[PDB]
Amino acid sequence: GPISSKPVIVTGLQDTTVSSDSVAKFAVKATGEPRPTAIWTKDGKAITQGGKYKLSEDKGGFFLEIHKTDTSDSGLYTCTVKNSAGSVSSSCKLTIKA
C-alpha cells in the first residue's frame, strides 16, 4: 500500500556570522511524504512569525529570516522538519558581529 516517509535533510544549516543591523537568512532543504513543515527554535525557544522572524516554506525549502539583527540574536538555531511519519532537524550557531 502507499506509505509515508520520515523527512530527510537535503541541505542542512551551518554556523554563520552576520553583522548587527542586518538580516540573517537560513534555509534548509528537505524531503518527505507527506510534504513536511518546519518548526524553528532559537536556543530551544519558539520562533514564530512576526516582525522579527519571517518564515516561509516552498517546494522542499524551509526558510527563516531574522530581521534587524542585534547581539541578542546570537545562538543555536534549529529547524525541525516534520510530518506525520516523524521528523528530522538541522542546526547551527549564529554569531552576530557588532
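Position 1 is the first residue in the sequence shown; the rest follow in order.
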Given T17, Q14, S89, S84, the residue at which the Cα B factor reaches its maximum = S84
Of the residues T41, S72, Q49, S56, the one carrying the largest Cα B-factor as recorded = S72
Among all modelled residues of this chain, ranked by Cα B factor, put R35 in the bottom, middle or top third, i.e. lowest, middle or highest.
-> highest
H67 CA temperature factor, ranked by third within the chain = lowest
